[PDB]
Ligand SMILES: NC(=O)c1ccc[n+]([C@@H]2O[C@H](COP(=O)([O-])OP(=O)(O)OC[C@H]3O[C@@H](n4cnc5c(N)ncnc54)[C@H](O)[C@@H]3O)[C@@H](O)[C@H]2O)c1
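Before any questions on binding or motion, here is one chain by itself as structure tokens, the form solved without the ligand.
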């Protein structure tokens, strides 16, 4: 519908946090454009997992560093890495152990995945896509670790863009807005939060996972050949209001 149907034919994509929500939508979008995709995450065969003949679903806790490494070492090729895995524990993040747990998943795992992907991405060139947030810009009183981690991810995106460019690897990020996923269906149960969000969103609706996925397919392809170190907001205007 937007992209030609086999623009990623013969390529391999890996999506962390690929078993639901934005990750699942990203996995599906690359698969539908011809890519073989490995979707990594917890509850790999759950209701929301991406099902497609070109998507291999893998149960893996990406904080298990040694297990992650073995998976990467088994891949014969990799053209695109999407670091989508992320969690928040909301106000529990004020506890230091919980703060560090959030950073370990959201930041450390992305750093490790990027370094493990790097030699494969260097073979023909390729790309890395990280997932940022409205909380890469705004603070969050209710999730300080999640906000810290998303500020970190933007700078890691910029740093690795500089480091990996000589190997023809581009590194970008998407900052999604308020995306309606089953991950946060309780936020809609909060009428007040919803009204506030909608009031500050020019498009006056929730974003959806496939809208993040279409931006992913662009940024990781040949139409974005001069795009590196960039953060693209996909937020219905929320950052502007």
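Numbering follows the first chain given and starts at 1.
Although not depicted, the form solved in complex with the ligand is the subject of the following passage.
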With the ligand left out of view, which of 156, 116, 105, 71 would have a heavy atom within 4.5 Å of it in the deposited bound form?
105
Option touching the ligand, based on a heavy atom within 4.5 Å in the deposited bound form, out of 131, 145, 128, 110
131
Even though the ligand is not shown here, does it sit in the deposited bound form so that 8, 12 and 220 each have a heavy atom within 4.5 Å?
no
Please tell me whether any heavy atom belonging to residue 122 falls inside 4.5 Å of a heavy atom of the ligand, as the geometry stands in the deposited bound form.
no
Just checking whether residue 81 would be counted as a contact of the ligand in the deposited bound form - the rule being heavy atoms within 4.5 angstroms.
no
Report yes if any heavy atom of residue 165 sits within 4.5 Å of a heavy atom of the ligand in the deposited bound form; otherwise report no.
no
4.5 angstroms heavy atom contact with the ligand in the deposited bound form for residue 42:
yes
Restricting to 79 to 107, the residues within 4.5 Å of the ligand in the deposited bound form through any heavy atom are 84, 85, 86, 87, 105
